[PDB]
């Protein structure tokens, strides 16, 4: 049985991503959020509800990535250096999820917080969205998986990392780009810096597996991938309508979702399939290069 041996490179990129994930390490204890209350109380009721709801959705996604997506992909990898990187990325998803709780504690009462998590648990679109992604993960709960099954779990992971979070990230960035809730915005920028490299890394791994598939299996997962992209898009468009109609931002968020969908595809070595709001860009400017 093999032990991980970092003296013998297993690929040309795992050490670089190991080192970068470590260099980027942070915890919620490092950004105090209390100074955001001065601008939080200046938001309308409808704006505050949208903010809390999107943070709830982001928490759900990070919960499933750290608790299912990273663990189940990594258990089936044969490359032990890449496995190490994914284990670390999975832990950072739990840091991210804890960081949303840190923001909530500063901005909401204990009663309001528990209402938000109850709304998350019973929300039909979030359930559908998370269910579609985790289905591909839970296919890997068996002793032996095919490369097609592993490839599609990696696709699902890239689409969560590079695409599904962004209908939620939009709003903290949009407010931060206006000088509102800028400490929470700093946290969301740290999260985005991590998710960006998670999506690139899993995409590299996916491209390596794809090259190992037969031509028949390549064409099958190419079709499944495009269908998944558009199945998620349909749900995201319904989600943006629900969250953002009250505050007038639906079409802006949809453009941002398409931008990031295109990035997810590029992380998989795939051509864009769709066509950034400048205020969002200013909110990233504290990432700005990446976008």
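Residue numbers count along the first chain shown, from 1.
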What size is the break between residue 275 and residue 276 in terms of deposited sequence residues left without coordinates: none, 1 to 3, 4 to 9, or 10 or more? 1 to 3
Between residue 286 and residue 287, determine how many residues of the deposited chain lack coordinates; answer none if the chain runs continuously, otherwise 1 to 3, 4 to 9, or 10 or more. 1 to 3
Report the stretch with the higher mean CA temperature factor, choosing between 102-110 and 196-204 on the basis of the entry. 102-110
Looking only at C-alpha temperature factors in the entry, 72-80 or 148-156, the higher average sits in 72-80
Which has the highest CA B-factor per the PDB entry: 224, 62, 46, 236? 46
Deposited CA B-factor, highest of 115, 161, 94, 220: 115
Which third, lowest, middle or highest, does the CA B-factor of residue 189 fall in along this chain? lowest
Name the third of the chain's ranked CA B-factors that contains residue 244, choosing lowest, middle or highest. middle
Divide the modelled residues of the chain into thirds by Cα B-factor and specify which third, lowest, middle or highest, holds residue 24. highest
What third of the chain, by the recorded C-alpha B-factor, contains residue 281? highest
Please place residue 54 in the lowest, middle or highest third of its chain by C-alpha B factor as given in the entry. highest
